[PDB]
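Q: Adding 37 to a residue's 1-based position in the first sequence gives its number in PDB author numbering.
Here a beta-carbon is modelled for each residue, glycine too, at the ideal position from N, C-alpha and C.
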Amino acid sequence: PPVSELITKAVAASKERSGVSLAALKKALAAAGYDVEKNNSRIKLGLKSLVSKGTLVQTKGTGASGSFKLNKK
DNA sequence: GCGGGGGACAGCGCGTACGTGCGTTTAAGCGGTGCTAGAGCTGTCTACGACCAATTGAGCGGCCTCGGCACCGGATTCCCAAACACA
Numbered sequence: 038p039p040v041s042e043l044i045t046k047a048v049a050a051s052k053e054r055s056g057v058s059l060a061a062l063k064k065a066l067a068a069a070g071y072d073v074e075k076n077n078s079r080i081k082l083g084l085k086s087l088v089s090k091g092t093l094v095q096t097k098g099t100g101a102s103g104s105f106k107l108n109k110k
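1) DSSP beta-bridge partners for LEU107?
2) Would you mind reading off the limits of the alpha helix (DSSP H) that contains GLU42?
3) Determine the extent of the alpha helix (DSSP H) in which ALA60 is found, giving its start and end residues.
4) Could you check which residue in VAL48, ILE80, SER78 has the C-alpha nearest to that of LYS109?
5) Within 10 angstroms of its Cβ, does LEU82 collect 16 or more other Cβ (buried), or is it exposed?
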């Protein structure tokens, strides 16, 4: 399954008012059996694609270093 | 021993400052010349310090006193850490 679903599912499972950090996303995908080490660069890209698709709102920071929430709009 | 909160450490981004490279300029390095100030050595003779015996008073041990400082309690003050006021 593509990493955009795994990320969206992790952000939905940890839904809050702040927003899953990249470190929490790493932890959730690793707990989901996804190798976050080798494919970290893929994650940053896929995450960026999800922000560029507007599917994730950046709530703090800039780019992948930030916190993110599912764009309910 | 325990609760917790701040700091250490991890991850990311970015932007500019440092490394690499190239061409030009500059002055370091080398050699060579010349000059003279001063370092190094020597002889003299003289004032200056070591040595010694005698004198003595300055300093050291021993005693004694009191005041400066330590201590205690009581009152004063000074940050602090919430804490709510209020925009």
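A: According to the data block:
1) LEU93.
2) Per DSSP, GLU42 belongs to the alpha helix (DSSP H) from 40-50.
3) Residue range 59-68 is occupied by the alpha helix (DSSP H) that includes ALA60.
4) Residue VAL48 holds the alpha-carbon nearest to the alpha-carbon of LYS109 among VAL48, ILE80, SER78.
5) Exposed, by the Cβ-count rule.
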